>>> print(open('my_file.tsv').read())   # TSV, C-alpha atoms
chain	number	residue	atom	x	y	z
M	356	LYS	CA	-12.35	8.77	34.07
M	357	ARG	CA	-15.75	7.42	33.01
M	358	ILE	CA	-18.42	6.94	35.68
M	359	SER	CA	-21.63	5.09	34.81
M	360	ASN	CA	-24.06	2.38	35.97
M	361	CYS	CA	-24.38	3.83	39.47
M	362	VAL	CA	-26.64	6.14	41.45
M	363	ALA	CA	-25.39	9.72	41.24
M	364	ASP	CA	-24.78	11.28	44.68
M	365	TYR	CA	-24.10	15.02	44.44
M	366	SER	CA	-25.40	15.53	47.99
M	367	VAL	CA	-21.90	15.51	49.49
M	368	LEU	CA	-20.64	17.75	46.67
M	369	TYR	CA	-22.66	20.84	47.62
M	370	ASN	CA	-22.78	20.03	51.36
M	371	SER	CA	-19.03	20.68	51.66
M	372	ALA	CA	-17.27	24.05	51.62
M	373	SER	CA	-13.62	23.12	51.02
M	374	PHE	CA	-14.06	23.87	47.31
M	375	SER	CA	-13.70	27.38	45.89
M	376	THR	CA	-15.54	27.18	42.54
M	377	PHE	CA	-18.88	25.46	41.94
M	378	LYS	CA	-20.06	27.13	38.73
M	379	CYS	CA	-22.22	24.82	36.61
M	380	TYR	CA	-22.48	25.91	32.98
M	381	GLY	CA	-25.31	24.80	30.73
M	382	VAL	CA	-27.38	23.08	33.42
M	383	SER	CA	-28.60	24.40	36.78
M	384	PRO	CA	-27.15	22.61	39.84
M	385	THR	CA	-30.28	23.30	41.92
M	386	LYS	CA	-31.94	20.25	40.29
M	387	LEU	CA	-29.40	17.45	39.87
M	388	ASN	CA	-30.90	14.45	41.68
M	389	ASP	CA	-34.02	14.63	39.48
M	390	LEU	CA	-32.05	14.61	36.20
M	391	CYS	CA	-31.27	11.42	34.28
M	392	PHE	CA	-28.21	11.25	32.03
M	393	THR	CA	-26.48	8.57	29.95
M	394	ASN	CA	-22.74	9.20	30.39
M	395	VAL	CA	-20.82	11.02	33.13
M	396	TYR	CA	-17.15	11.95	32.67
M	397	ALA	CA	-14.67	13.50	35.09
M	398	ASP	CA	-11.29	15.03	34.27
M	399	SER	CA	-8.63	16.07	36.77
M	400	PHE	CA	-5.68	18.45	36.58
M	401	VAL	CA	-3.83	20.94	38.79
M	402	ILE	CA	-3.46	24.62	37.88
M	403	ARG	CA	-2.38	27.71	39.80
M	404	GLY	CA	-4.93	30.14	41.21
O	1	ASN	CA	-10.20	41.29	50.80
O	2	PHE	CA	-13.09	40.59	48.43
O	3	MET	CA	-15.52	43.50	48.16
O	4	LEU	CA	-18.38	44.46	45.84
O	5	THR	CA	-18.69	48.06	44.66
O	6	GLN	CA	-22.16	49.38	43.78
O	7	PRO	CA	-23.82	52.82	43.92
O	8	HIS	CA	-26.30	53.99	46.57
O	9	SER	CA	-28.98	56.10	44.81
O	10	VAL	CA	-29.99	55.16	41.25
O	11	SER	CA	-33.15	54.19	39.33
O	12	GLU	CA	-35.01	57.39	40.29
O	13	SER	CA	-37.07	57.33	37.11
O	14	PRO	CA	-40.70	56.75	36.07
O	15	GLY	CA	-41.60	53.65	34.08
O	16	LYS	CA	-38.72	52.53	31.85
O	17	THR	CA	-35.67	50.25	31.83
O	18	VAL	CA	-32.68	51.38	33.92
O	19	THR	CA	-29.65	49.36	34.98
O	20	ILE	CA	-27.82	48.87	38.29
O	21	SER	CA	-24.19	47.75	38.18
O	22	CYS	CA	-22.38	45.67	40.82
O	23	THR	CA	-18.64	45.11	40.41
O	24	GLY	CA	-15.77	43.66	42.42
O	25	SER	CA	-12.06	44.40	42.60
O	26	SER	CA	-10.15	41.65	44.45
O	27	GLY	CA	-11.20	38.82	42.13
O	28	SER	CA	-13.44	37.84	39.25
O	29	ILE	CA	-17.12	37.69	40.21
O	30	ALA	CA	-17.87	35.37	37.27
O	31	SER	CA	-16.14	32.43	38.99
O	32	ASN	CA	-18.89	31.98	41.59
O	33	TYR	CA	-22.60	32.71	41.58
O	34	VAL	CA	-23.70	36.26	42.45
O	35	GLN	CA	-27.22	37.01	43.69
O	36	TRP	CA	-29.50	40.02	44.17
O	37	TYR	CA	-31.69	40.72	47.21
O	38	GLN	CA	-34.23	43.35	48.20
O	39	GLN	CA	-34.95	44.61	51.73
O	40	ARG	CA	-38.18	46.21	52.89
O	41	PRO	CA	-37.23	48.91	55.44
O	42	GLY	CA	-38.85	47.93	58.72
O	43	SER	CA	-39.73	44.44	57.44
O	44	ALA	CA	-38.14	41.16	56.42
O	45	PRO	CA	-35.95	41.02	53.29
O	46	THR	CA	-36.59	38.87	50.21
O	47	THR	CA	-34.65	37.71	47.15
O	48	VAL	CA	-35.34	38.80	43.57
O	49	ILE	CA	-32.52	37.06	41.67
O	50	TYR	CA	-30.98	33.69	42.54
O	51	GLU	CA	-28.56	31.43	40.63
O	52	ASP	CA	-27.32	34.65	38.92
O	53	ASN	CA	-30.09	34.54	36.30
O	54	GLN	CA	-33.24	33.07	37.88
O	55	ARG	CA	-36.15	34.46	39.88
O	56	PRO	CA	-38.07	32.59	42.60
O	57	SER	CA	-41.68	31.55	42.15
O	58	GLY	CA	-44.13	34.44	42.35
O	59	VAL	CA	-41.56	37.09	41.39
O	60	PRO	CA	-42.73	39.21	38.42
O	61	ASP	CA	-41.05	38.86	35.04
O	62	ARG	CA	-39.58	42.39	34.99
O	63	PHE	CA	-36.33	42.39	36.99
O	64	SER	CA	-33.40	41.36	34.78
O	65	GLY	CA	-29.96	39.97	35.50
O	66	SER	CA	-26.85	39.68	33.37
O	67	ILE	CA	-23.10	39.16	33.71
O	68	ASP	CA	-20.40	41.14	31.87
O	69	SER	CA	-16.94	39.59	32.21
O	70	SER	CA	-15.20	42.36	30.25
O	71	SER	CA	-15.94	45.07	32.83
O	72	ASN	CA	-16.06	42.56	35.74
O	73	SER	CA	-19.52	43.80	36.70
O	74	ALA	CA	-22.99	42.35	37.31
O	75	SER	CA	-26.01	44.19	35.91
O	76	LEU	CA	-29.49	44.32	37.45
O	77	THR	CA	-32.18	46.04	35.38
O	78	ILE	CA	-35.88	46.53	36.13
O	79	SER	CA	-38.32	46.85	33.23
O	80	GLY	CA	-41.79	47.62	34.57
O	81	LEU	CA	-40.85	50.19	37.26
O	82	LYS	CA	-44.25	49.78	38.93
O	83	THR	CA	-45.59	51.14	42.24
O	84	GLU	CA	-43.37	48.82	44.31
O	85	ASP	CA	-42.52	49.77	47.88
O	86	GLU	CA	-39.28	51.68	48.43
O	87	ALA	CA	-36.32	49.45	49.22
O	88	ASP	CA	-32.56	48.94	49.03
O	89	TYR	CA	-30.65	46.23	47.18
O	90	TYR	CA	-27.37	44.45	47.87
O	91	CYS	CA	-24.79	42.33	46.05
O	92	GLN	CA	-23.33	39.01	47.23
O	93	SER	CA	-20.45	36.83	46.05
O	94	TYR	CA	-18.10	34.16	47.42
O	95	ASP	CA	-14.30	34.22	47.68
O	96	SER	CA	-13.24	31.46	50.11
O	97	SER	CA	-15.09	30.07	53.17
O	98	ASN	CA	-16.84	33.45	53.63
O	99	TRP	CA	-19.80	35.55	52.51
O	100	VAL	CA	-19.54	39.19	51.41
O	101	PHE	CA	-22.49	41.60	51.22
O	102	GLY	CA	-22.94	44.73	49.12
O	103	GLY	CA	-22.97	48.35	50.19
O	104	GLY	CA	-26.61	49.05	49.38
O	105	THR	CA	-28.56	50.95	46.69
O	106	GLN	CA	-31.52	53.02	47.88
O	107	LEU	CA	-34.55	53.33	45.59
O	108	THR	CA	-37.35	55.50	46.99
O	109	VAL	CA	-38.59	57.75	44.17
O	110	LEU	CA	-40.15	55.68	41.39
S	454	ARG	CA	-42.06	31.05	14.38
S	455	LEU	CA	-39.59	28.50	15.73
S	456	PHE	CA	-40.68	28.38	19.40
S	457	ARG	CA	-44.08	27.87	21.01
S	458	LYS	CA	-44.89	27.31	24.74
S	459	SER	CA	-46.70	24.03	23.98
S	460	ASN	CA	-48.33	22.40	20.95
S	461	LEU	CA	-50.79	24.60	19.09
S	462	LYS	CA	-54.44	23.57	18.74
S	463	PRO	CA	-56.03	23.11	15.29
S	464	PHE	CA	-57.22	26.22	13.40
S	465	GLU	CA	-55.48	28.64	15.79
S	466	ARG	CA	-53.17	31.54	14.93
S	467	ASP	CA	-51.05	33.56	17.35
S	468	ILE	CA	-49.70	37.06	16.74
S	469	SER	CA	-47.62	37.90	19.85
S	470	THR	CA	-43.88	38.31	19.29
S	471	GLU	CA	-41.58	38.43	22.32
S	472	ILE	CA	-38.26	36.81	23.24
S	473	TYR	CA	-38.82	33.13	24.02
S	474	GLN	CA	-37.19	31.71	27.15
S	475	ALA	CA	-35.54	28.37	26.28
S	476	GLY	CA	-33.61	27.66	29.47
S	477	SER	CA	-34.02	26.77	33.12
S	478	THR	CA	-33.37	30.40	34.10
S	479	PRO	CA	-35.29	33.30	32.54
S	480	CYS	CA	-33.53	36.16	30.79
S	481	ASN	CA	-36.36	38.46	31.98
S	482	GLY	CA	-37.22	40.00	28.62
S	483	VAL	CA	-33.85	41.07	27.20
S	484	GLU	CA	-31.71	39.45	24.53
S	485	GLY	CA	-29.11	36.99	25.81
S	486	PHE	CA	-28.36	33.33	26.45
S	487	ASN	CA	-31.04	30.62	26.88
S	488	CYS	CA	-33.55	32.93	25.16
S	489	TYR	CA	-33.90	33.82	21.49
S	490	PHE	CA	-36.39	35.39	19.10
S	491	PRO	CA	-39.10	32.87	18.14
S	492	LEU	CA	-39.71	35.03	15.06
S	493	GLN	CA	-36.94	34.77	12.44
S	494	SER	CA	-36.95	35.79	8.79
S	495	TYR	CA	-36.97	33.71	5.60
S	496	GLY	CA	-34.06	33.73	3.17
S	497	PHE	CA	-34.48	33.09	-0.55
S	498	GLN	CA	-32.17	33.17	-3.55
S	499	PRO	CA	-33.01	33.24	-7.27
S	500	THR	CA	-30.44	30.49	-7.97
S	501	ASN	CA	-31.15	28.22	-4.98
S	502	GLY	CA	-32.49	24.67	-5.09
Z	1	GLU	CA	-44.63	27.68	53.70
Z	2	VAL	CA	-41.77	27.99	56.21
Z	3	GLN	CA	-42.12	29.85	59.52
Z	4	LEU	CA	-39.08	31.33	61.29
Z	5	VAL	CA	-39.46	32.72	64.82
Z	6	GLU	CA	-36.66	34.61	66.58
Z	7	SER	CA	-36.77	35.77	70.21
Z	8	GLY	CA	-33.36	36.25	71.82
Z	9	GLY	CA	-32.97	39.96	72.48
Z	10	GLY	CA	-34.57	42.87	74.29
Z	11	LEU	CA	-32.01	43.93	76.89
Z	12	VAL	CA	-28.81	45.98	77.08
Z	13	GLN	CA	-25.52	44.56	78.35
Z	14	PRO	CA	-21.92	45.74	77.82
Z	15	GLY	CA	-19.43	42.91	77.44
Z	16	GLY	CA	-21.71	40.23	78.88
Z	17	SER	CA	-23.38	37.13	77.45
Z	18	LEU	CA	-26.58	36.80	75.42
Z	19	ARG	CA	-28.25	33.70	73.98
Z	20	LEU	CA	-30.42	33.91	70.85
Z	21	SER	CA	-32.71	31.17	69.52
Z	22	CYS	CA	-34.37	30.77	66.12
Z	23	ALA	CA	-37.33	28.40	65.73
Z	24	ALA	CA	-37.97	26.77	62.36
Z	25	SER	CA	-40.77	24.56	61.05
Z	26	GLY	CA	-42.23	23.18	57.84
Z	27	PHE	CA	-39.02	21.58	56.55
Z	28	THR	CA	-36.40	18.98	57.44
Z	29	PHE	CA	-33.68	20.47	59.64
Z	30	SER	CA	-30.96	17.89	58.84
Z	31	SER	CA	-30.55	18.19	55.06
Z	32	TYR	CA	-29.83	21.88	54.26
Z	33	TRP	CA	-27.52	24.68	55.41
Z	34	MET	CA	-28.34	27.26	58.07
Z	35	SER	CA	-26.60	30.60	58.55
Z	36	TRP	CA	-26.93	33.85	60.50
Z	37	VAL	CA	-27.12	37.39	59.11
Z	38	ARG	CA	-27.21	40.74	60.92
Z	39	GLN	CA	-27.49	44.37	59.86
Z	40	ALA	CA	-27.07	47.71	61.60
Z	41	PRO	CA	-30.09	50.05	61.84
Z	42	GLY	CA	-29.79	52.53	58.99
Z	43	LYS	CA	-26.72	50.79	57.51
Z	44	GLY	CA	-26.07	47.97	55.07
Z	45	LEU	CA	-26.33	44.20	55.30
Z	46	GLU	CA	-23.48	41.96	56.42
Z	47	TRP	CA	-22.77	38.30	57.12
Z	48	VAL	CA	-22.11	36.63	60.49
Z	49	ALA	CA	-21.79	32.84	60.24
Z	50	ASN	CA	-22.72	29.75	58.22
Z	51	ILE	CA	-23.53	26.31	59.63
Z	52	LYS	CA	-23.45	22.87	57.95
Z	53	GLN	CA	-26.36	20.44	58.26
Z	54	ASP	CA	-24.75	18.54	61.16
Z	55	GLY	CA	-22.72	21.26	62.89
Z	56	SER	CA	-19.40	19.63	61.99
Z	57	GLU	CA	-18.08	22.74	60.21
Z	58	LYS	CA	-18.76	26.30	61.39
Z	59	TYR	CA	-17.21	29.56	60.19
Z	60	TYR	CA	-17.38	33.22	61.22
Z	61	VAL	CA	-15.92	36.53	60.05
Z	62	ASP	CA	-12.45	37.73	61.04
Z	63	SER	CA	-13.91	40.64	63.02
Z	64	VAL	CA	-15.62	38.22	65.43
Z	65	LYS	CA	-12.99	35.46	65.36
Z	66	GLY	CA	-11.84	34.09	68.71
Z	67	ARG	CA	-15.24	34.80	70.23
Z	68	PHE	CA	-18.70	33.70	68.96
Z	69	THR	CA	-20.15	30.18	68.89
Z	70	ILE	CA	-23.01	28.16	67.41
Z	71	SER	CA	-24.81	24.91	68.22
Z	72	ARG	CA	-27.65	22.96	66.66
Z	73	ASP	CA	-29.86	19.91	67.08
Z	74	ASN	CA	-32.22	18.12	64.70
Z	75	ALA	CA	-34.49	16.59	67.37
Z	76	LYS	CA	-36.18	19.85	68.41
Z	77	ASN	CA	-35.55	21.83	65.17
Z	78	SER	CA	-33.89	24.83	66.82
Z	79	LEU	CA	-30.75	26.95	66.54
Z	80	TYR	CA	-28.81	28.36	69.50
Z	81	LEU	CA	-26.74	31.55	69.18
Z	82	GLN	CA	-24.52	32.32	72.19
Z	83	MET	CA	-22.56	35.57	72.50
Z	84	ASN	CA	-19.77	36.76	74.79
Z	85	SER	CA	-17.73	39.96	75.23
Z	86	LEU	CA	-20.05	42.28	73.32
Z	87	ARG	CA	-19.10	45.74	72.07
Z	88	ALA	CA	-20.99	48.90	71.13
Z	89	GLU	CA	-20.88	47.96	67.42
Z	90	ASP	CA	-23.16	44.93	68.05
Z	91	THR	CA	-26.41	47.00	67.86
Z	92	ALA	CA	-28.01	45.03	65.03
Z	93	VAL	CA	-31.05	42.99	64.00
Z	94	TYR	CA	-30.30	39.28	63.64
Z	95	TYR	CA	-32.02	36.97	61.15
Z	96	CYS	CA	-31.49	33.20	61.10
Z	97	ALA	CA	-30.54	32.40	57.51
Z	98	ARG	CA	-31.37	29.11	55.78
Z	99	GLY	CA	-29.87	27.60	52.63
Z	100	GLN	CA	-31.08	25.13	50.01
Z	101	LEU	CA	-28.09	23.25	48.56
Z	102	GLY	CA	-25.09	25.35	49.57
Z	103	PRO	CA	-23.75	28.87	50.07
Z	104	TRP	CA	-23.32	29.64	46.34
Z	105	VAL	CA	-27.01	29.29	45.39
Z	106	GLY	CA	-28.14	32.09	47.70
Z	107	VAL	CA	-29.72	32.90	51.05
Z	108	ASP	CA	-33.38	33.40	50.01
Z	109	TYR	CA	-34.57	32.97	53.63
Z	110	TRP	CA	-34.80	35.71	56.25
Z	111	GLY	CA	-36.84	35.76	59.44
Z	112	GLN	CA	-38.50	38.83	60.90
Z	113	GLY	CA	-35.66	39.05	63.42
Z	114	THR	CA	-35.34	40.55	66.88
Z	115	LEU	CA	-34.09	44.01	67.82
Z	116	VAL	CA	-30.79	43.82	69.72
Z	117	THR	CA	-29.30	46.99	71.22
Z	118	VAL	CA	-26.48	47.36	73.75
Z	119	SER	CA	-25.87	50.24	76.16
>>> encode(input="my_file.tsv", output="structure tokens")
Amino acid sequence: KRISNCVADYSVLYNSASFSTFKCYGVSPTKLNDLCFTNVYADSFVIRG
Amino acid sequence: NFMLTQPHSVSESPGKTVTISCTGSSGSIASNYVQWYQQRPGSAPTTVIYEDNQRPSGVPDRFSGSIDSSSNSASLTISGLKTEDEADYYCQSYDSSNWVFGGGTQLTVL
Amino acid sequence: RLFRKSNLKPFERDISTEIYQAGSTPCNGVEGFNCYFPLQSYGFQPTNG
Amino acid sequence: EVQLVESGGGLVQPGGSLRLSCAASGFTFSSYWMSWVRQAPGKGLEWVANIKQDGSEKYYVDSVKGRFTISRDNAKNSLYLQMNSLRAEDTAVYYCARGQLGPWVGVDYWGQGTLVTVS
């Protein structure tokens, strides 16, 4: 799924605790609202623990 | 039953680079971020390493952090070994909806 | 040298050689990711271009 | 600069009720995570509870489950820690912990705390 031409809102992503893994490789998630990117992609699949 | 195993009395050395190892057993510590903190005995604690590789502003450039996924351990090394106040250090990780603290590693003789 | 904190000023030379942090997080003076050696060697061949 | 003031202890009570309050200033109280951390005198650090920015979700450890509670408000910028059915293990110093983006980044905030002993 391709997501673009919208204001990125990661505020609800780190303000929840239902997730188990929030490791961000390459870039630091402490500064995300101040970063400007061109393309944002999101994959989805289900795997065992 | 996530727990972090680390020693209690290391780094008793003058002025070189020594390493402190923090490891877990129930799960892989490389999945989530692991941090390092320092506690002044009789005073408020502070944090030396955050985001598993970064130091806060004002922290000197000497304390190191690294992650080894082969041994499932986190390494904290200090380079300068200056005249810092005696303290103890702990390890933190995240399994599921909970926080887990480390045992503690005393460092008094520098 | 391949890395320099900022742009160098005219008629200036620098001698210091230490691992150059090139990431958001510092590697605190040991060899690893997001830091490399600014000083790297030349390679030549007798039959090169 | 962020100032954290804690004054909720100073008396001994077996199995009673005690209310602790942490005062915070210098930052917005309704956009980060708060938590609470205690440690025994002469022993290691341990975690107590973590609080969302609106108080919708609260969690504690399994050793204190069933008991323990937390409440918050953003109008007065204060945290309320109520206790019930204390035991002899509860001799600890309590610091009101504050987060930045979530509970994976780190704690990085610890008040001076208040001595709490039971007898």
>>> residues_around(input="my_file.tsv", residues="residue S:487", least_positions_apart="5", cutoff="8 Å", atoms="all atoms listed in the file", output="ChimeraX atom specification")
/S:474-480
>>> interface_residues(input="my_file.tsv", of="chain M", to="chain O", cutoff="7 Å", atoms="all atoms listed in the file", output="CSV table (one decimal) with C-alpha atoms, keeping the file's coordinate frame")
chain,number,residue,atom,x,y,z
M,372,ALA,CA,-17.3,24.0,51.6
M,375,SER,CA,-13.7,27.4,45.9
M,376,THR,CA,-15.5,27.2,42.5
M,377,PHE,CA,-18.9,25.5,41.9
M,378,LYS,CA,-20.1,27.1,38.7
>>> interface_residues(input="my_file.tsv", of="chain M", to="chain Z", cutoff="12 Å", atoms="all atoms listed in the file", output="list in words")
residues 365, 366, 367, 368, 369, 370, 371, 372, 373, 374, 375, 376, 377, 378, 379, 383, 384, 385, 386, 387 and 388 of chain M
>>> closest_residue(input="my_file.tsv", among="M:391, M:397, M:402, M:382", to="chain S", atoms="all atoms listed in the file")
M:382
>>> axis_aligned_box(input="my_file.tsv", around="stretch 387-401 of chain M", padding_each_side="4 Å", output="JSON")
{"center_x": -18.9, "center_y": 14.8, "center_z": 35.8, "size_x": 38.2, "size_y": 20.4, "size_z": 19.7}
>>> atom_distance(input="my_file.tsv", atom1="atom CA of residue O:37", atom2="atom CA of residue O:91")
7.2 Å
>>> atom_distance(input="my_file.tsv", atom1="atom CA of residue S:473", atom2="atom CA of residue S:458")
8.4 Å
>>> closest_residue(input="my_file.tsv", among="Z:6, Z:46, Z:1, Z:73", to="chain O", atoms="only C-alpha atoms")
Z:46
>>> closest_atom_pairs(input="my_file.tsv", of="chain Z", to="chain O", cutoff="8 Å", atoms="only C-alpha atoms", output="JSON lines")
{"residue": "Z:44", "atom": "CA", "partner": "O:103", "partner_atom": "CA", "distance": 5.8}
{"residue": "Z:45", "atom": "CA", "partner": "O:101", "partner_atom": "CA", "distance": 6.2}
{"residue": "Z:46", "atom": "CA", "partner": "O:101", "partner_atom": "CA", "distance": 5.3}
{"residue": "Z:47", "atom": "CA", "partner": "O:99", "partner_atom": "CA", "distance": 6.1}
{"residue": "Z:59", "atom": "CA", "partner": "O:97", "partner_atom": "CA", "distance": 7.4}
{"residue": "Z:60", "atom": "CA", "partner": "O:98", "partner_atom": "CA", "distance": 7.6}
{"residue": "Z:61", "atom": "CA", "partner": "O:98", "partner_atom": "CA", "distance": 7.2}
{"residue": "Z:104", "atom": "CA", "partner": "O:33", "partner_atom": "CA", "distance": 5.7}
{"residue": "Z:105", "atom": "CA", "partner": "O:51", "partner_atom": "CA", "distance": 5.4}
{"residue": "Z:106", "atom": "CA", "partner": "O:50", "partner_atom": "CA", "distance": 6.1}
{"residue": "Z:107", "atom": "CA", "partner": "O:47", "partner_atom": "CA", "distance": 7.9}
{"residue": "Z:108", "atom": "CA", "partner": "O:47", "partner_atom": "CA", "distance": 5.3}
{"residue": "Z:109", "atom": "CA", "partner": "O:46", "partner_atom": "CA", "distance": 7.1}
{"residue": "Z:110", "atom": "CA", "partner": "O:45", "partner_atom": "CA", "distance": 6.2}
{"residue": "Z:111", "atom": "CA", "partner": "O:44", "partner_atom": "CA", "distance": 6.3}
{"residue": "Z:112", "atom": "CA", "partner": "O:44", "partner_atom": "CA", "distance": 5.1}
{"residue": "Z:113", "atom": "CA", "partner": "O:44", "partner_atom": "CA", "distance": 7.7}
>>> write_last_selection(input="my_file.tsv", atoms="C-alpha atoms", output="PDB file, keeping the file's coordinate frame")
ATOM      1  CA  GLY Z  44     -26.070  47.970  55.070  1.00  0.00           C
ATOM      2  CA  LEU Z  45     -26.330  44.200  55.300  1.00  0.00           C
ATOM      3  CA  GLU Z  46     -23.480  41.960  56.420  1.00  0.00           C
ATOM      4  CA  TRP Z  47     -22.770  38.300  57.120  1.00  0.00           C
ATOM      5  CA  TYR Z  59     -17.210  29.560  60.190  1.00  0.00           C
ATOM      6  CA  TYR Z  60     -17.380  33.220  61.220  1.00  0.00           C
ATOM      7  CA  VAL Z  61     -15.920  36.530  60.050  1.00  0.00           C
ATOM      8  CA  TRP Z 104     -23.320  29.640  46.340  1.00  0.00           C
ATOM      9  CA  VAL Z 105     -27.010  29.290  45.390  1.00  0.00           C
ATOM     10  CA  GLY Z 106     -28.140  32.090  47.700  1.00  0.00           C
ATOM     11  CA  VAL Z 107     -29.720  32.900  51.050  1.00  0.00           C
ATOM     12  CA  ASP Z 108     -33.380  33.400  50.010  1.00  0.00           C
ATOM     13  CA  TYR Z 109     -34.570  32.970  53.630  1.00  0.00           C
ATOM     14  CA  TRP Z 110     -34.800  35.710  56.250  1.00  0.00           C
ATOM     15  CA  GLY Z 111     -36.840  35.760  59.440  1.00  0.00           C
ATOM     16  CA  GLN Z 112     -38.500  38.830  60.900  1.00  0.00           C
ATOM     17  CA  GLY Z 113     -35.660  39.050  63.420  1.00  0.00           C
TER      18      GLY Z 113
END
>>> atom_distance(input="my_file.tsv", atom1="atom CA of residue O:28", atom2="atom CA of residue M:380")
16.2 Å
>>> closest_atom_pairs(input="my_file.tsv", of="chain O", to="chain S", cutoff="8 Å", atoms="only C-alpha atoms", output="Markdown table")
| residue | atom | partner | partner_atom | distance |
| --- | --- | --- | --- | --- |
| O:53 | CA | S:478 | CA | 5.7 |
| O:54 | CA | S:478 | CA | 4.6 |
| O:55 | CA | S:479 | CA | 7.5 |
| O:61 | CA | S:481 | CA | 5.6 |
| O:62 | CA | S:481 | CA | 5.9 |
| O:63 | CA | S:481 | CA | 6.4 |
| O:64 | CA | S:481 | CA | 5.0 |
| O:65 | CA | S:480 | CA | 7.0 |
| O:66 | CA | S:480 | CA | 8.0 |
>>> residues_around(input="my_file.tsv", residues="residue S:469", least_positions_apart="5", cutoff="12 Å", atoms="all atoms listed in the file", output="JSON, numbers by chain")
{"S": [454, 456, 457, 458, 490, 491, 492]}
>>> residues_around(input="my_file.tsv", residues="residue O:6", least_positions_apart="4", cutoff="7 Å", atoms="all atoms listed in the file", output="NGL selection string")
:O and (21-23 or 103)
>>> residues_around(input="my_file.tsv", residues="residue M:395", least_positions_apart="2", cutoff="9 Å", atoms="all atoms listed in the file", output="ChimeraX atom specification")
/M:356-359,392-393,397
>>> write_last_selection(input="my_file.tsv", atoms="C-alpha atoms", output="mmCIF file, in the frame of the given file")
data_model
loop_
_atom_site.group_PDB
_atom_site.id
_atom_site.type_symbol
_atom_site.label_atom_id
_atom_site.label_comp_id
_atom_site.auth_asym_id
_atom_site.auth_seq_id
_atom_site.Cartn_x
_atom_site.Cartn_y
_atom_site.Cartn_z
ATOM 1 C CA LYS M 356 -12.350 8.770 34.070
ATOM 2 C CA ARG M 357 -15.750 7.420 33.010
ATOM 3 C CA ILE M 358 -18.420 6.940 35.680
ATOM 4 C CA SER M 359 -21.630 5.090 34.810
ATOM 5 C CA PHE M 392 -28.210 11.250 32.030
ATOM 6 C CA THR M 393 -26.480 8.570 29.950
ATOM 7 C CA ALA M 397 -14.670 13.500 35.090
#
>>> residues_around(input="my_file.tsv", residues="residue Z:76", least_positions_apart="3", cutoff="10 Å", atoms="only C-alpha atoms", output="JSON list (two decimals) with C-alpha atoms, keeping the file's coordinate frame")
[["chain", "number", "residue", "atom", "x", "y", "z"],
["Z", 23, "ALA", "CA", -37.33, 28.40, 65.73],
["Z", 24, "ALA", "CA", -37.97, 26.77, 62.36],
["Z", 25, "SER", "CA", -40.77, 24.56, 61.05],
["Z", 29, "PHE", "CA", -33.68, 20.47, 59.64],
["Z", 72, "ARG", "CA", -27.65, 22.96, 66.66],
["Z", 73, "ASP", "CA", -29.86, 19.91, 67.08],
["Z", 79, "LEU", "CA", -30.75, 26.95, 66.54]]
>>> closest_residue(input="my_file.tsv", among="M:389, M:381, M:364, M:396", to="chain S", atoms="only C-alpha atoms")
M:381
>>> decode(input="my_file.tsv", residues="stretch 357-371 of chain M", atoms="C-alpha atoms", output="short mmCIF file (atom, residue, chain, number, x, y, z; two decimals), in the first residue's frame")
data_model
loop_
_atom_site.label_atom_id
_atom_site.label_comp_id
_atom_site.auth_asym_id
_atom_site.auth_seq_id
_atom_site.Cartn_x
_atom_site.Cartn_y
_atom_site.Cartn_z
CA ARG M 357 1.34 3.41 -1.03
CA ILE M 358 0.59 6.41 1.19
CA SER M 359 1.41 9.92 -0.05
CA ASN M 360 0.06 13.47 -0.41
CA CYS M 361 -1.04 13.67 3.23
CA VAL M 362 0.24 14.91 6.58
CA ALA M 363 2.08 12.14 8.41
CA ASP M 364 0.67 11.47 11.89
CA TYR M 365 2.89 9.12 13.90
CA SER M 366 1.61 10.62 17.17
CA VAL M 367 -0.93 7.82 17.69
CA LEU M 368 1.68 5.23 16.68
CA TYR M 369 3.98 5.73 19.68
CA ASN M 370 1.20 6.83 22.06
CA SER M 371 -0.28 3.31 22.03
#
